[PDB]
Structures are given as structure tokens and as C-alpha cells.
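Report on the following structure.
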Amino acid sequence: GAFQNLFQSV
Amino acid sequence: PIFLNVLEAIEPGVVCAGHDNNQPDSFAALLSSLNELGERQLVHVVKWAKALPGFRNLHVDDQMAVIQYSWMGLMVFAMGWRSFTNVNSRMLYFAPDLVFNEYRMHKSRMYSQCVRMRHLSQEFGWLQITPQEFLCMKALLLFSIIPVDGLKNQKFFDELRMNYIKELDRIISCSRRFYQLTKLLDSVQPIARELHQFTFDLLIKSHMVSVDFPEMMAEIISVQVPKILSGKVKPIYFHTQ
Ligand SMILES: C[C@]12CC[C@H]3[C@@H](CCC4=CC(=O)CC[C@@]43C)[C@@H]1CC[C@@H]2O
């Protein structure tokens with residue numbers, strides 16, 4: 001989930 | 001020129017690696033710093049990509065996928081450009097605080113890969129690549145690697161890729177030039193593949209060699225990069241290899 005978390009955070 | 005206005009406007013600025021240049025060069029230190037630089041640049045690549053013309057046309061899963069597949073090529077291509085503009089390809093300008101001379105190329109254990117990257121850098125000179133050509137080509141690299149079995153919405157991707165090819169052609173003897181630039185774009189992919197293999201192998205043995213991988217790098221290299229190395233995800237070449 002680390003990439004997705006970045007992606008969704010902006 | 002709306003499209004080029006946007007590409008110039010969204011282009012990331014300077015990213016430092018945080019490398020301690022006072023420490024003697026070592027494989028572990030150089031590679032740990034490269035890994036941290038990748039983690040930092042990833043943040044910029046995501047912010048840049050999400051701001052690209054038409055990018056939101058893609059299914060959100062595909063938006064995430066193309067970034068996770070294409071980052072190596074994107075970053076190598078930009079690095080080659082920085083190397084060309086800053087040190088006339090004399091060294092690999094990974095970051096202002098992480099510039100590779102030949103000694104570092106050797107100590108990194110990536111000399112062959114660095115050679116290829118320096119060659120790419122030199123091509124920007126040999127072909128007299130313009131900033132506007134560079135930006136359009138770099139954008140196209142985001143849309144140049146996909147799963148063999150297709151994306152979630154392949155149609156929206158195909159349309160987007162088509163339009164970025166059209167934007168490149170319009171920025172572009174024209175046939176000669178288009179041939180040259182597509183050849184240069186293709187040349188990024190074998191370099192990216194060699195780096196994919198190298199970083200994957202390094203991650204697996206990272207504990208044995210004191211090389212640190214940050215969180216996103218470790219995740220992406222273990223979850224997504226193997227799809228490329230196993231052949232499930234492949235580059236799109238212009239010319240047959
Ligand atoms: C993947 C890697 C860390 C990230 C590096 C990569 C070499 C290419 C590169 C160029 C950049 O400008 C950002 C960092 C990256 C993307 C390195 C090769 C081995 C190392 O593990």
C-alpha cells in the first residue's frame with residue numbers, strides 16, 4: 001500500500 | 001501551444017539525493033543514496049504525471065500502474081538530460097549532490113549500465129535534441145510499458161498514447177527526425193531493463209550488502225518490477241528489436 005498511499009495523498 | 005505550455009509548466013525542479021559526499025565512496029553508500037534519490041524522485045513523478053494532459057482519462061488503476069512500470073525509464077531519461085545540460089555528458093548527474101565520475105561508476109558495480117546511460121546522455125548532444133523534444137519524449141515514456149494482457153481500460157490508454165505521439169510529431173527531414181527520436185526512445189528500454197534486473201537482484205540480497213531500500217522502492221521493486229522481468233509487462237517499441 002505505500003505507493004497507493006502516496007498516489008492518493010497527492 | 002497549449003500542450004507544450006503544460007509540459008513546461010509541470011516539469012519537476014531540482015531533487016537532491018541527500019548523499020554525504022564526505023564519506024568515502026562505497027558500494028553500500030552510493031547505492032543507498034541512489035535508492036533514496038529514487039524514493040524522492042518518485043514523489044515528483046507522481047505529482048507530474050497526475051498533472052499531464054489527459055492523464056485523468058485513464059482508469060485510476062491504470063494511472064497507478066503506468067507510473068509503477070515506467071519510472072525507471074522516465075528517471076533515466078531525465079538523468080541523461082541533466083547530464084547533457086549540466087556537464088556535457090562528462091559525468092552522470094543523478095543529483096546536484098550525487099554526480100558519478102568513472103570511479104563511482106566502477107564502485108557502484110554498475111559500470112556497464114552507467115556506460116549505456118552516458119551514451120544516452122551523449123545522444124542528446126549528437127542529435128541536438130531540443131528542450132521541447134525532450135519534454136514530449138519524456139511524457140511519451142510514461143505510456144511506453146504495459147501488461148501483455150492489457151490495462152483495465154486499454155482503449156483510453158491507446159487513445160492517450162496516440163495523442164502524445166501526435167504531439168511529438170507536431171513538435172518535429174521530418175521523417176528522418178521522427179525516425180531518430182523514436183529510435184532514441186526505444187533505446188531507453190533495454191537500459192531500463194538492465195537496471196530493473198540489477199535493482200531486483202540487489203533488493204533480494206540487500207541485507208547481505210548493507211544497501212538500504214526505502215519503503216516505496218522496496219514495494220515497487222518486489223511487487224511490480226518482477227512483472228516486467230517475468231515478461232507479464234513489456235515495453236512498447238516503435239521499431240522491431
Ligand atoms: C534502482 C536504483 C535506485 C534508483 C536509481 C537507479 C538508477 C537510475 C536512476 C536515476 C535517477 O536519476 C533517479 C534514481 C534512479 C532511478 C538505481 C539502479 C540501482 C538502484 O537500486
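Following the order of the C-alpha cells, chains are lettered A, B, ..., residues in each are numbered from 1, and ligands are numbered from 1.
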* May I have the residues of chain B within 9 Å of chain A, counting only C-alpha atoms, written as number ranges by chain? => B: 43, 46-47, 50, 64, 68, 215-217, 219-220
Write out the residues from the selection above, keeping N, CA, C and O atoms, as a CSV table (one decimal), in the first residue's frame.
chain,number,residue,atom,x,y,z
B,43,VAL,N,8.1,10.7,-5.8
B,43,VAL,CA,7.1,11.7,-5.4
B,43,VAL,C,6.8,12.7,-6.5
B,43,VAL,O,5.7,13.1,-6.8
B,46,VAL,N,5.0,11.3,-9.6
B,46,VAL,CA,3.6,11.1,-9.4
B,46,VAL,C,2.9,12.4,-9.5
B,46,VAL,O,1.9,12.5,-10.2
B,47,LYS,N,3.4,13.5,-8.9
B,47,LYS,CA,2.8,14.8,-9.0
B,47,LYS,C,2.8,15.3,-10.4
B,47,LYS,O,1.8,15.9,-10.9
B,50,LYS,N,0.2,13.1,-12.7
B,50,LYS,CA,-1.2,13.3,-12.4
B,50,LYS,C,-1.6,14.7,-13.1
B,50,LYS,O,-2.8,14.9,-13.3
B,64,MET,N,-2.1,4.4,-11.8
B,64,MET,CA,-1.1,3.9,-10.8
B,64,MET,C,-0.1,2.9,-11.5
B,64,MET,O,1.1,3.0,-11.2
B,68,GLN,N,4.1,3.0,-12.0
B,68,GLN,CA,4.9,2.0,-11.4
B,68,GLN,C,5.7,1.1,-12.4
B,68,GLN,O,6.7,0.6,-12.0
B,215,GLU,N,10.8,2.6,1.6
B,215,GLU,CA,9.6,1.8,1.5
B,215,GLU,C,9.0,1.6,0.2
B,215,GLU,O,8.7,0.5,-0.2
B,216,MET,N,8.7,2.7,-0.6
B,216,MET,CA,8.1,2.6,-1.9
B,216,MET,C,9.0,1.8,-2.9
B,216,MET,O,8.5,1.0,-3.7
B,217,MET,N,10.3,2.1,-2.9
B,217,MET,CA,11.3,1.4,-3.7
B,217,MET,C,11.2,-0.1,-3.5
B,217,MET,O,11.0,-0.9,-4.4
B,219,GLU,N,8.8,-1.9,-2.2
B,219,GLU,CA,7.5,-2.4,-2.5
B,219,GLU,C,7.4,-2.5,-4.0
B,219,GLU,O,7.1,-3.6,-4.6
B,220,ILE,N,7.7,-1.5,-4.7
B,220,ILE,CA,7.6,-1.4,-6.2
B,220,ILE,C,8.6,-2.5,-6.9
B,220,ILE,O,8.2,-3.1,-7.8
* Asked: Which chains and residue numbers are within 10 Å of ligand 1, counting only C-alpha atoms and all ligand atoms, if I want them as a PyMOL selection string?
  -> chain B and resi 15-17+30-42+71-83+92-95+98+108-110+113-114+117+191-192+194-203+206+211-214+217-218+221
* To do: Mind checking which residues fall within 8 Å of region 152-157 of chain B, counting only C-alpha atoms, ignoring those fewer than 2 positions away in the same chain, and posting them as JSON, numbers by chain?
  => {"B": [57, 58, 59, 61, 62, 143, 150, 159, 160, 161]}
* When distances are computed from only C-alpha atoms, which of B:65, B:136, B:91, B:165 shows the smallest separation from residue 11 (chain B)? ->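 Selected residue with least distance to residue 11 (chain B): B:136.
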Which residues in region 7-226 of chain B does DSSP call alpha helix (DSSP H)? List them as a PDB file with C-alpha atoms, in the first residue's frame.
ATOM      1  CA  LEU B   7       4.615  20.269 -20.170  1.00  0.00           C
ATOM      2  CA  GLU B   8       6.956  23.188 -19.448  1.00  0.00           C
ATOM      3  CA  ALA B   9       4.748  24.333 -16.547  1.00  0.00           C
ATOM      4  CA  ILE B  10       4.644  20.930 -14.765  1.00  0.00           C
ATOM      5  CA  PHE B  27      29.042   0.374  -2.988  1.00  0.00           C
ATOM      6  CA  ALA B  28      26.702   0.430   0.024  1.00  0.00           C
ATOM      7  CA  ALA B  29      26.719   4.239   0.398  1.00  0.00           C
ATOM      8  CA  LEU B  30      26.377   5.039  -3.310  1.00  0.00           C
ATOM      9  CA  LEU B  31      23.557   2.562  -3.856  1.00  0.00           C
ATOM     10  CA  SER B  32      21.703   3.530  -0.667  1.00  0.00           C
ATOM     11  CA  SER B  33      21.832   7.168  -1.843  1.00  0.00           C
ATOM     12  CA  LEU B  34      20.618   6.207  -5.329  1.00  0.00           C
ATOM     13  CA  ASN B  35      17.726   4.336  -3.703  1.00  0.00           C
ATOM     14  CA  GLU B  36      16.775   7.338  -1.559  1.00  0.00           C
ATOM     15  CA  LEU B  37      17.007   9.545  -4.674  1.00  0.00           C
ATOM     16  CA  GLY B  38      14.597   7.170  -6.432  1.00  0.00           C
ATOM     17  CA  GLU B  39      12.167   7.420  -3.494  1.00  0.00           C
ATOM     18  CA  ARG B  40      12.337  11.254  -3.626  1.00  0.00           C
ATOM     19  CA  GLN B  41      12.009  11.422  -7.412  1.00  0.00           C
ATOM     20  CA  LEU B  42       9.013   9.039  -7.301  1.00  0.00           C
ATOM     21  CA  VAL B  43       7.071  11.681  -5.373  1.00  0.00           C
ATOM     22  CA  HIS B  44       7.842  14.241  -8.101  1.00  0.00           C
ATOM     23  CA  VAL B  45       6.988  11.785 -10.904  1.00  0.00           C
ATOM     24  CA  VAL B  46       3.599  11.092  -9.359  1.00  0.00           C
ATOM     25  CA  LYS B  47       2.798  14.812  -8.968  1.00  0.00           C
ATOM     26  CA  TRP B  48       3.983  15.477 -12.550  1.00  0.00           C
ATOM     27  CA  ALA B  49       2.139  12.517 -14.117  1.00  0.00           C
ATOM     28  CA  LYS B  50      -1.180  13.332 -12.440  1.00  0.00           C
ATOM     29  CA  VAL B  60      -7.293   5.134 -11.810  1.00  0.00           C
ATOM     30  CA  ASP B  61      -5.770   1.621 -11.506  1.00  0.00           C
ATOM     31  CA  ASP B  62      -4.065   2.157 -14.877  1.00  0.00           C
ATOM     32  CA  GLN B  63      -2.873   5.609 -13.756  1.00  0.00           C
ATOM     33  CA  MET B  64      -1.089   3.903 -10.844  1.00  0.00           C
ATOM     34  CA  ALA B  65       0.161   1.006 -12.977  1.00  0.00           C
ATOM     35  CA  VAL B  66       1.817   3.082 -15.736  1.00  0.00           C
ATOM     36  CA  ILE B  67       3.770   5.112 -13.171  1.00  0.00           C
ATOM     37  CA  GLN B  68       4.885   1.974 -11.368  1.00  0.00           C
ATOM     38  CA  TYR B  69       6.067   0.353 -14.637  1.00  0.00           C
ATOM     39  CA  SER B  70       7.642   3.416 -16.322  1.00  0.00           C
ATOM     40  CA  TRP B  71       9.505   5.228 -13.512  1.00  0.00           C
ATOM     41  CA  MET B  72      12.898   3.660 -14.264  1.00  0.00           C
ATOM     42  CA  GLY B  73      12.858   4.763 -17.912  1.00  0.00           C
ATOM     43  CA  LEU B  74      11.416   8.186 -17.051  1.00  0.00           C
ATOM     44  CA  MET B  75      14.096   8.813 -14.440  1.00  0.00           C
ATOM     45  CA  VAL B  76      16.992   7.520 -16.564  1.00  0.00           C
ATOM     46  CA  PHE B  77      15.896   9.672 -19.495  1.00  0.00           C
ATOM     47  CA  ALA B  78      15.633  12.801 -17.316  1.00  0.00           C
ATOM     48  CA  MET B  79      19.009  11.997 -15.704  1.00  0.00           C
ATOM     49  CA  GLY B  80      20.590  11.658 -19.162  1.00  0.00           C
ATOM     50  CA  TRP B  81      19.152  15.085 -19.997  1.00  0.00           C
ATOM     51  CA  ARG B  82      20.518  16.664 -16.775  1.00  0.00           C
ATOM     52  CA  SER B  83      23.892  15.089 -17.515  1.00  0.00           C
ATOM     53  CA  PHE B  84      23.832  16.602 -21.013  1.00  0.00           C
ATOM     54  CA  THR B  85      22.783  20.094 -19.942  1.00  0.00           C
ATOM     55  CA  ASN B  86      24.934  20.341 -16.802  1.00  0.00           C
ATOM     56  CA  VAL B  87      28.204  18.537 -17.509  1.00  0.00           C
ATOM     57  CA  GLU B 102      34.217   6.956 -13.610  1.00  0.00           C
ATOM     58  CA  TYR B 103      35.454   5.920 -10.168  1.00  0.00           C
ATOM     59  CA  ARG B 104      31.866   5.945  -8.835  1.00  0.00           C
ATOM     60  CA  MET B 105      30.614   4.133 -11.956  1.00  0.00           C
ATOM     61  CA  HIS B 106      33.058   1.382 -11.002  1.00  0.00           C
ATOM     62  CA  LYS B 107      32.441   1.391  -7.237  1.00  0.00           C
ATOM     63  CA  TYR B 111      29.774   0.374 -14.793  1.00  0.00           C
ATOM     64  CA  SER B 112      28.269  -1.325 -17.857  1.00  0.00           C
ATOM     65  CA  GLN B 113      24.839   0.184 -17.094  1.00  0.00           C
ATOM     66  CA  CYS B 114      26.398   3.631 -16.480  1.00  0.00           C
ATOM     67  CA  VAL B 115      28.212   3.418 -19.812  1.00  0.00           C
ATOM     68  CA  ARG B 116      24.874   2.909 -21.573  1.00  0.00           C
ATOM     69  CA  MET B 117      23.333   5.819 -19.652  1.00  0.00           C
ATOM     70  CA  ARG B 118      26.244   8.091 -20.543  1.00  0.00           C
ATOM     71  CA  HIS B 119      25.785   7.038 -24.176  1.00  0.00           C
ATOM     72  CA  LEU B 120      22.115   8.094 -23.934  1.00  0.00           C
ATOM     73  CA  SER B 121      23.228  11.401 -22.425  1.00  0.00           C
ATOM     74  CA  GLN B 122      25.664  11.883 -25.330  1.00  0.00           C
ATOM     75  CA  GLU B 123      22.828  11.234 -27.809  1.00  0.00           C
ATOM     76  CA  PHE B 124      21.062  14.393 -26.620  1.00  0.00           C
ATOM     77  CA  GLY B 125      24.141  16.223 -27.946  1.00  0.00           C
ATOM     78  CA  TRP B 126      24.766  14.112 -31.053  1.00  0.00           C
ATOM     79  CA  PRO B 131      14.061  21.069 -24.645  1.00  0.00           C
ATOM     80  CA  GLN B 132      10.611  20.797 -26.244  1.00  0.00           C
ATOM     81  CA  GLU B 133      11.518  17.461 -27.884  1.00  0.00           C
ATOM     82  CA  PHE B 134      12.892  16.241 -24.562  1.00  0.00           C
ATOM     83  CA  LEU B 135       9.669  17.116 -22.688  1.00  0.00           C
ATOM     84  CA  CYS B 136       7.393  15.460 -25.273  1.00  0.00           C
ATOM     85  CA  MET B 137       9.571  12.359 -25.423  1.00  0.00           C
ATOM     86  CA  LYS B 138       9.694  12.095 -21.626  1.00  0.00           C
ATOM     87  CA  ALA B 139       5.883  12.300 -21.411  1.00  0.00           C
ATOM     88  CA  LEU B 140       5.667   9.533 -24.049  1.00  0.00           C
ATOM     89  CA  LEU B 141       7.864   7.270 -21.855  1.00  0.00           C
ATOM     90  CA  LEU B 142       5.078   7.232 -19.234  1.00  0.00           C
ATOM     91  CA  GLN B 154      -6.934  -0.315 -22.772  1.00  0.00           C
ATOM     92  CA  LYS B 155      -8.927   1.966 -25.112  1.00  0.00           C
ATOM     93  CA  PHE B 156      -8.368   5.106 -23.037  1.00  0.00           C
ATOM     94  CA  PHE B 157      -4.639   4.327 -22.839  1.00  0.00           C
ATOM     95  CA  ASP B 158      -4.345   3.654 -26.592  1.00  0.00           C
ATOM     96  CA  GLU B 159      -6.017   6.991 -27.360  1.00  0.00           C
ATOM     97  CA  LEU B 160      -3.800   8.825 -24.892  1.00  0.00           C
ATOM     98  CA  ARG B 161      -0.597   7.272 -26.252  1.00  0.00           C
ATOM     99  CA  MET B 162      -1.720   8.069 -29.806  1.00  0.00           C
ATOM    100  CA  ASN B 163      -2.228  11.743 -28.960  1.00  0.00           C
ATOM    101  CA  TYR B 164       1.209  12.033 -27.293  1.00  0.00           C
ATOM    102  CA  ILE B 165       2.800  10.522 -30.425  1.00  0.00           C
ATOM    103  CA  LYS B 166       0.887  13.133 -32.456  1.00  0.00           C
ATOM    104  CA  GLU B 167       2.133  15.908 -30.148  1.00  0.00           C
ATOM    105  CA  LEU B 168       5.729  14.737 -30.692  1.00  0.00           C
ATOM    106  CA  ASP B 169       5.308  14.620 -34.471  1.00  0.00           C
ATOM    107  CA  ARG B 170       3.918  18.180 -34.469  1.00  0.00           C
ATOM    108  CA  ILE B 171       6.929  19.434 -32.448  1.00  0.00           C
ATOM    109  CA  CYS B 174      10.742  15.481 -40.607  1.00  0.00           C
ATOM    110  CA  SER B 175      10.665  11.746 -41.327  1.00  0.00           C
ATOM    111  CA  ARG B 176      14.391  11.487 -40.614  1.00  0.00           C
ATOM    112  CA  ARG B 177      13.873  13.335 -37.320  1.00  0.00           C
ATOM    113  CA  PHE B 178      10.870  11.264 -36.282  1.00  0.00           C
ATOM    114  CA  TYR B 179      12.848   8.119 -37.078  1.00  0.00           C
ATOM    115  CA  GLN B 180      15.773   9.378 -34.971  1.00  0.00           C
ATOM    116  CA  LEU B 181      13.699  10.323 -31.922  1.00  0.00           C
ATOM    117  CA  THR B 182      11.657   7.067 -31.932  1.00  0.00           C
ATOM    118  CA  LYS B 183      14.938   5.148 -32.179  1.00  0.00           C
ATOM    119  CA  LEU B 184      16.244   7.138 -29.200  1.00  0.00           C
ATOM    120  CA  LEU B 185      13.054   6.431 -27.227  1.00  0.00           C
ATOM    121  CA  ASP B 186      13.353   2.696 -27.960  1.00  0.00           C
ATOM    122  CA  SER B 187      16.978   2.798 -26.703  1.00  0.00           C
ATOM    123  CA  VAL B 188      15.825   3.728 -23.180  1.00  0.00           C
ATOM    124  CA  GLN B 189      14.033   0.422 -22.674  1.00  0.00           C
ATOM    125  CA  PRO B 190      16.981  -2.028 -22.771  1.00  0.00           C
ATOM    126  CA  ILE B 191      18.809   0.300 -20.324  1.00  0.00           C
ATOM    127  CA  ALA B 192      15.772   0.319 -18.022  1.00  0.00           C
ATOM    128  CA  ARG B 193      15.586  -3.485 -18.260  1.00  0.00           C
ATOM    129  CA  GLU B 194      19.215  -3.917 -17.214  1.00  0.00           C
ATOM    130  CA  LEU B 195      18.594  -1.586 -14.277  1.00  0.00           C
ATOM    131  CA  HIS B 196      15.376  -3.425 -13.355  1.00  0.00           C
ATOM    132  CA  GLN B 197      17.368  -6.667 -13.206  1.00  0.00           C
ATOM    133  CA  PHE B 198      20.210  -5.076 -11.232  1.00  0.00           C
ATOM    134  CA  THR B 199      17.978  -3.411  -8.620  1.00  0.00           C
ATOM    135  CA  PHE B 200      15.836  -6.535  -8.235  1.00  0.00           C
ATOM    136  CA  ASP B 201      18.929  -8.684  -7.586  1.00  0.00           C
ATOM    137  CA  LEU B 202      20.216  -6.032  -5.169  1.00  0.00           C
ATOM    138  CA  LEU B 203      16.975  -5.848  -3.208  1.00  0.00           C
ATOM    139  CA  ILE B 204      16.962  -9.624  -2.722  1.00  0.00           C
ATOM    140  CA  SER B 206      20.305  -6.090   0.229  1.00  0.00           C
ATOM    141  CA  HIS B 207      20.648  -7.369   3.811  1.00  0.00           C
ATOM    142  CA  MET B 208      23.946  -9.081   2.918  1.00  0.00           C
ATOM    143  CA  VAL B 209      25.499  -5.933   1.395  1.00  0.00           C
ATOM    144  CA  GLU B 215       9.595   1.829   1.546  1.00  0.00           C
ATOM    145  CA  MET B 216       8.119   2.583  -1.913  1.00  0.00           C
ATOM    146  CA  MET B 217      11.263   1.409  -3.749  1.00  0.00           C
ATOM    147  CA  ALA B 218      11.220  -1.935  -1.891  1.00  0.00           C
ATOM    148  CA  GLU B 219       7.487  -2.390  -2.538  1.00  0.00           C
ATOM    149  CA  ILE B 220       7.601  -1.448  -6.210  1.00  0.00           C
ATOM    150  CA  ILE B 221      10.748  -3.470  -6.905  1.00  0.00           C
ATOM    151  CA  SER B 222       9.268  -6.628  -5.266  1.00  0.00           C
ATOM    152  CA  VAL B 223       5.661  -6.321  -6.478  1.00  0.00           C
ATOM    153  CA  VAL B 225       9.300  -4.910 -11.283  1.00  0.00           C
ATOM    154  CA  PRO B 226       9.035  -8.758 -11.233  1.00  0.00           C
TER     155      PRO B 226
END
* Asked: Quick one, how far is CA of residue 230 (chain B) from CA of residue 149 (chain B)?
  ->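 Value for the CA of residue 230 (chain B)-CA of residue 149 (chain B) distance: 13.3 Å.
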* Asked: Skipping near chain neighbours, those fewer than 5 positions away, what residues fall within 7 Å of residue 233 (chain B) using only C-alpha atoms, listed as JSON, numbers by chain?
  -> {"B": [145, 146, 147, 148, 227, 228]}
* What does the distance from CA of residue 99 (chain B) to CA of residue 6 (chain B) come to in Å, to one decimal? ->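 That distance, rounded to one decimal, is 29.3 Å.
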